[PDB]
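Let me begin by presenting the structure, written as structure tokens, before commenting on it.
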Amino acid sequence: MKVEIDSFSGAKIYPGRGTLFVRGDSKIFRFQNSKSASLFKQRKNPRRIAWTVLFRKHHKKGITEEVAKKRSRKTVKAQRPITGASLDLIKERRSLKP
Amino acid sequence: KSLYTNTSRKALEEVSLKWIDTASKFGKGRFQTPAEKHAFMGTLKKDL
Amino acid sequence: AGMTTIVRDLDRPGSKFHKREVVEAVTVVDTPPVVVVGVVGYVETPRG
Amino acid sequence: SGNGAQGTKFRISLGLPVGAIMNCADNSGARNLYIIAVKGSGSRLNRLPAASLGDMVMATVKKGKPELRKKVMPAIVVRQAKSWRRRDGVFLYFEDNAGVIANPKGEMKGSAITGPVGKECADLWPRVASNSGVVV
Amino acid sequence: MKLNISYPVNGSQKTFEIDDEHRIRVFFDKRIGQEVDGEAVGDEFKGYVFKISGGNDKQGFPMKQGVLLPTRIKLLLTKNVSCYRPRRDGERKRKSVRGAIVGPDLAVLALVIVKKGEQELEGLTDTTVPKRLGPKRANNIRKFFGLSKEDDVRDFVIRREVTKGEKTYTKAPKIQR
RNA sequence: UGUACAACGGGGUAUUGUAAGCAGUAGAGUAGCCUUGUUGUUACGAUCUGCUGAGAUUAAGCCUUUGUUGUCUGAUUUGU
RNA sequence: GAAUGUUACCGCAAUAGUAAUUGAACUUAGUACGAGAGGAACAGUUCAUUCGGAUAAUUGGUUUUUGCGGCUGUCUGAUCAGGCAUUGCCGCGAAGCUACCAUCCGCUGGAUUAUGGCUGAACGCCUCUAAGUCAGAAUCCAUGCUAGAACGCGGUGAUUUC
RNA sequence: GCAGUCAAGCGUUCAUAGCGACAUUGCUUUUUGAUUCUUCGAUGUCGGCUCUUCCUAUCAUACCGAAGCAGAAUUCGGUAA
RNA sequence: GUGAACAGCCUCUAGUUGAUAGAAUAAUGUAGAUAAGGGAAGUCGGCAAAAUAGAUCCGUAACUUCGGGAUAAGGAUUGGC
Ligand SMILES: O[C@H]1[C@H]2c3cc4c(cc3CN3CCC(=C[C@@H]1O)[C@H]23)OCO4
Ligand SMILES: [Mg+2]
Ligand SMILES: [Mg+2]
Ligand SMILES: [Mg+2]
Ligand SMILES: [Mg+2]
Ligand SMILES: [Mg+2]
Ligand SMILES: [Mg+2]
Ligand SMILES: [Mg+2]
Ligand SMILES: [Mg+2]
Ligand SMILES: [Mg+2]
Ligand SMILES: [Mg+2]
Ligand SMILES: [Mg+2]
Ligand SMILES: [Mg+2]
Ligand SMILES: [Mg+2]
Ligand SMILES: [Mg+2]
Ligand SMILES: [Mg+2]
Ligand SMILES: [Mg+2]
Ligand SMILES: [Mg+2]
Ligand SMILES: [Mg+2]
Ligand SMILES: [Mg+2]
Ligand SMILES: [Mg+2]
Ligand SMILES: [Mg+2]
Ligand SMILES: [Mg+2]
Ligand SMILES: [Mg+2]
Ligand SMILES: [Mg+2]
Ligand SMILES: [Mg+2]
Ligand SMILES: [Mg+2]
Ligand SMILES: [Mg+2]
Ligand SMILES: [Mg+2]
Ligand SMILES: [Mg+2]
Ligand SMILES: [Mg+2]
Ligand SMILES: [Mg+2]
Ligand SMILES: [Mg+2]
Ligand SMILES: [Mg+2]
Ligand SMILES: [Mg+2]
Ligand SMILES: [Mg+2]
Ligand SMILES: [Mg+2]
Ligand SMILES: [Mg+2]
Ligand SMILES: [Mg+2]
Ligand SMILES: [Mg+2]
Ligand SMILES: [Mg+2]
Ligand SMILES: [Mg+2]
Ligand SMILES: [Mg+2]
Ligand SMILES: [Mg+2]
Ligand SMILES: [Mg+2]
Ligand SMILES: [Mg+2]
Ligand SMILES: [Mg+2]
Ligand SMILES: [Mg+2]
Ligand SMILES: [Mg+2]
Ligand SMILES: [Mg+2]
Ligand SMILES: [Mg+2]
Ligand SMILES: [Mg+2]
Ligand SMILES: [Mg+2]
Ligand SMILES: [Mg+2]
Ligand SMILES: [Mg+2]
Ligand SMILES: [Mg+2]
Ligand SMILES: [Mg+2]
Ligand SMILES: [Mg+2]
Ligand SMILES: [Mg+2]
Ligand SMILES: [Mg+2]
Ligand SMILES: [Mg+2]
Ligand SMILES: [Mg+2]
């Protein structure tokens with residue numbers, strides 16, 4: 001059971017919900033309801049329609065904390081050396097000096 | 001209680017739901033739960 | 001109470017939709033425990 | 001349906017009653033198909049027979065090669081535009097009405113199908129399956 | 001679906017199989033790069049953090065970082081780009097590609113270990129595979145040992161032994177620069 | 001005279017598509033005063049942007065309610 | 001809807017009505033039969049047609065929600081906010097109503113006809129028939145379903161005092 | 001218009017599987033005629049649309065008997081509206 | 001005022017605010033609208049209804065009494081500032 005999304009507005013289309021439009025070129029357009037569906041038939045441009053995701057994404061509306069930082073990093077430092085070349089005499093010769 | 005024991009196949013089938021719709025019936029509902037709606041919408045002028 | 005929608009797999013060997021999801025409408029009736037307040041005994045008569 | 005239709009077909013909303021004209025979406029020479037009958041459909045005072053995805057109709061070619069015109073041949077419906085609903089719950093619809101001319105056994109006259117095809121038709125007739133690109 | 005896990009500290013790898021929507025479900029709607037806590041996917045991996053690095057759906061098309069979408073598309077690809085190896089100077093081929101968002105269609109999810117949970121995973125933590133090649137350029141030896149332009153490399157180049165049945169040989173690189 | 005009832009108010013749910021007001025280095029541009037500009041200044045300018053997925057509407061046969069306010073014996077008739 | 005004491009609740013069931021229909025595909029099976037050409041059916045399964053009774057989660061239609069937004073002409077000094085144009089026009093539009101345009105559901109016992117039979121005389125033989133009797137149909141009677149006799153009926157509650 | 005009896009023929013052979021001459025007995029009242037009984041101080045004197053019900057001399061569907069029924073297909077007949 | 005306009009629509013002056021009334025909004029109506037997919041299959045017949053429409057530009061067939069046919073047909077455009 002996949003939830004789909006509205007290819008005009010961007011709303012989740014839970015199952016059996018809204019309509020599905022197979023355009024002449026076989027591009028497919030899932031609507032959640034007759035609103036998106038008519039705007040869409042009306043050659044309306046989702047980027048100019050305030051309540052749409054596509055609008056909001058492009059107008060930077062209330063994203064706020066996604067542009068807020070995070071903490072996802074690591075810390076390793078494990079010697080393996082070089083196969084066939086004694087990974088033994090490769091840390092004792094690795095004593096350095098500076 | 002049915003007045004006969006149907007064999008049918010159609011009866012006998014042992015269903016088990018995967019998902020029960022729960023979005024509003026008072027409109028073109030988009031959200032199962034307030035939690036879902038809150039998730040997807042972001043934060044509103046009311047709220048916290 | 002009303003109706004909602006359901007999603008479940010189908011178990012119907014032979015059908016094109018065997019082992020595929022189907023979506024189906026269901027009704028819901030509110031069903032709080034009934035309470036027993038009496039018994040009544042009937043007899044058979046040639047008038048029924 | 002009937003002949004050469006291997007498989008069954010779940011009922012799908014009738015969209016093309018007799019007199020409908022669908023785009024001819026093969027490469028046979030025919031540009032359109034004029035529906036004159038629907039195979040395996042029944043009787044009711046004043047009901048017009050009507051075809052849906054994967055139906056066999058009898059048709060004529062109103063606009064096409066002259067060698068295809070003035071005669072009745074079979075055809076198969078491949079795109080609807082009248083919204084129908086699958087058992088997976090979706091109401092879907094093409095952008096045009098479109099079938100392809102076929103013989104009683106359900107073999108295509110031409111060799112490509114131009115445009116998408118409904119799956120419920122692909123499923124139904126093998127040689128239509130072959131000549132397809134995008135199905136559904 | 002099959003999980004292809006790497007532990008890039010030992011250079012370990014082993015695949016795992018997971019047949020449980022719930023145990024799987026964790027990775028869904030996750031993109032490439034997002035981190036994933038472990039216990040959800042099994043008890044073996046409790047604590048273990050996984051970075052999602054790619055994978056192939058059934059049909060075997062590969063993911064492509066940053067497409068978003070949990071579907072397939074067909075892109076124009078160029079030189080220096082994933083899921084494409086150009087056959088000819090300035091050639092671009094138009095190829096199908098799978099999205100970078102994990103769905104149930106993936107045959108395999110590619111995963112990297114980033115934090116090692118409370119327990120050891122057999123063919124992974126327990127085994128450690130050595131780095132095939134060693135430093136070959138002048139200053140690189142100097143940095144894989146920290147030597148200062150004083151110490152002379154020629155004796156710090158690495159030496160790989162091998163036998164000719166009854167002749168055991170020795171072959172070091174060829175310090176460039 | 002009580003998990004009473006009603007009128008409002010609140011909260012949910014829904015419909016539209018971003019209120020009024022204010023602000024702006026947005027705006028094809030335009031006038032006016034001189035101290036004629038090394039952003040000169042004062043305003044005006046369809047429209048745009050921000051506060052603002054805002055504002056409005058939401059049971060009249062939607063859901064709900066620890067708040068507010070009020071209501072809670074008039075009439076007629078019936079017997080083996 | 002008056003009157004069978006009043007009133008209330010729960011029931012019975014006389015009589016009357018009654019409903020389901022047809023096709024295909026898979027499979028049987030390239031089988032039985034056939035020199036060949038060709039070429040079935042019962043059981044099983046999946047769908048369909050025509051009909052019927054509902055129902056509105058979904059989709060679609062409807063729009064005075066005159067709900068939100070947009071537009072022309074004018075009128076209120078402007079602004080805000082509105083009026084008028086037999087519902088001014090347009091896009092969306094909840095609720096309701098609604099569509100093989102949408103979804104869901106449509107029962108199983110018996111007795112029989114034709115007909116094929118048993119046993120069996122008439123008529124020492126023979127006969128399904130004369131006595132007696134088995135099997136049997138989209139039939140019929142029930143089961144189920146809808147009314148419920150306003151002059152058919154049962155069980156049960158409470159039955160007025162100024 | 002519909003259904004019989006006789007059985008000369010037809011059907012390779014074979015009257016009656018399926019048919020059937022010369023004759024002949026009937027039934028029907030969506031044919032057309034014959035009549036002129038009712039209506040001329042008026043019974044709306046084509047067809048279609050809609051919609052109910054009824055007949056059966058049954059086209060389909062249920063179950064049957066028969067065949068010049070190998071199968072498939074068909075034809076004849078019964079119970080059947 | 002809009003506009004080509006004595007059109008339609010809204011306004012000033014003047015004049016009306018007369019037309020039994022209340023409550024509901026069943027069927028069937030009269031009058032006003034809309035309808036997915038199909039597009040005359042309806043019907044004697046496209047009856048009814050729908051479509052078209054102003055202006056500016058571009059473009060314009062047969063045939064002809066040379067005057068026409070002609071807004072032929074077919075197209076694009078149109079607000080505000
Ligand atoms: O009424 C007369 C007939 C009649 C007379 C008419 C007329 C119509 C009729 C109708 N016919 C049916 C049987 C009838 C019997 C009578 O003779 C009627 O139109 C003008 O006069
Ligand atoms: Mg609509
Ligand atoms: Mg709607
Ligand atoms: Mg073509
Ligand atoms: Mg008709
Ligand atoms: Mg022509
Ligand atoms: Mg091929
Ligand atoms: Mg060098
Ligand atoms: Mg009150
Ligand atoms: Mg805003
Ligand atoms: Mg309050
Ligand atoms: Mg009484
Ligand atoms: Mg009395
Ligand atoms: Mg076979
Ligand atoms: Mg033979
Ligand atoms: Mg308005
Ligand atoms: Mg202002
Ligand atoms: Mg006025
Ligand atoms: Mg007027
Ligand atoms: Mg609706
Ligand atoms: Mg029906
Ligand atoms: Mg029943
Ligand atoms: Mg009986
Ligand atoms: Mg015997
Ligand atoms: Mg008998
Ligand atoms: Mg007898
Ligand atoms: Mg006898
Ligand atoms: Mg018996
Ligand atoms: Mg029956
Ligand atoms: Mg029963
Ligand atoms: Mg009674
Ligand atoms: Mg009683
Ligand atoms: Mg003779
Ligand atoms: Mg013979
Ligand atoms: Mg002879
Ligand atoms: Mg006749
Ligand atoms: Mg007369
Ligand atoms: Mg008279
Ligand atoms: Mg009369
Ligand atoms: Mg008359
Ligand atoms: Mg009778
Ligand atoms: Mg008969
Ligand atoms: Mg013979
Ligand atoms: Mg018989
Ligand atoms: Mg009948
Ligand atoms: Mg009868
Ligand atoms: Mg006067
Ligand atoms: Mg009057
Ligand atoms: Mg009145
Ligand atoms: Mg009402
Ligand atoms: Mg229409
Ligand atoms: Mg058309
Ligand atoms: Mg006609
Ligand atoms: Mg036409
Ligand atoms: Mg006709
Ligand atoms: Mg005519
Ligand atoms: Mg005619
Ligand atoms: Mg007309
Ligand atoms: Mg229109
Ligand atoms: Mg003219
Ligand atoms: Mg002309
Ligand atoms: Mg302009």
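When you look at A:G84, is it free of Cβ contacts under 8 Å to residues at least 12 places away in the same chain and surrounded by 13 or more Cβ atoms within 10 Å (Cβ to Cβ), yes or no? Yes. Return yes when D:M22 is away from chain C (no Cβ under 14 Å), of a type outside the set (K, R), touching a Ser or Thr at 6+ places or on another chain (Cβ under 9 Å) and more than 16 Å from ligand 2 (Cβ to nearest atom) and no when it is not. Answer is no for this residue. Exactly one residue out of E:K51, E:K58 is over 23 Å from A:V3 (Cβ atoms) and not hydroxyl-bearing (S, T, Y): that is E:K51. One residue stands out among those in the stretch A:1-50 that are within 14 Å of chain D (Cβ to nearest Cβ), among the hydroxyl-bearing types (S, T, Y) and within 20 Å of the chain's Cα centre (by Cα): the one that is nearest to B:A23 (Cα to Cα), which is A:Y14. Consider B:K18 carefully, then state whether it is more than 16 Å from ligand 4 (Cβ to nearest atom) and surrounded by fewer than 10 Cβ atoms within 10 Å (Cβ to Cβ). No: the conditions fail for B:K18.
Quick test for you: out of E:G103, E:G146, pick the one residue that is in a loop (DSSP other than H, G, I, E, B), out of contact with any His (no Cβ under 6 Å at 6 or more places or on another chain), within 30 Å of E:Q59 (Cβ to Cβ) and within 12 Å of another protein chain (Cβ to nearest Cβ).
E:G103
With respect to D:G4, determine if the residue is away from chain C (no Cβ under 14 Å) and within 12 Å of RNA strand G (Cβ to nearest atom). Against the criterion (away from chain C (no Cβ under 14 Å) and within 12 Å of RNA strand G (Cβ to nearest atom)), D:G4 qualifies.
Within the stretch E:155-177, being within 23 Å of E:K131 (Cα to Cα), of a type outside the set (A, V, I, L, M) and either away from chain A (no Cβ under 13 Å) or surrounded by 15 or more Cβ atoms within 10 Å (Cβ to Cβ) (or both) holds for E:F156, E:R159, E:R160, E:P173, E:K174, E:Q176, E:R177. Within the stretch D:68-113, the set of residues being within 16 Å of ligand 4 (Cβ to nearest atom) and outside any strand (DSSP E or B) comprises D:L68, D:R69, D:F94, D:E95, D:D96, D:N97, D:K109, D:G110, D:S111, D:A112. For the stretch B:21-48, the candidate set comprises residues that are more than 8 Å from RNA strand G (Cβ to nearest atom) and under 13 Å from the mean Cα position of the chain (by Cα); within that set, the residue that is surrounded by the most Cβ atoms within 10 Å (Cβ to Cβ) is B:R30.
Throughout, read-outs are computed from the coordinates displayed, never taken from laboratory work. Backbone-built Cβ (ideal geometry, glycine too); neighbour counts: all protein chains shown.
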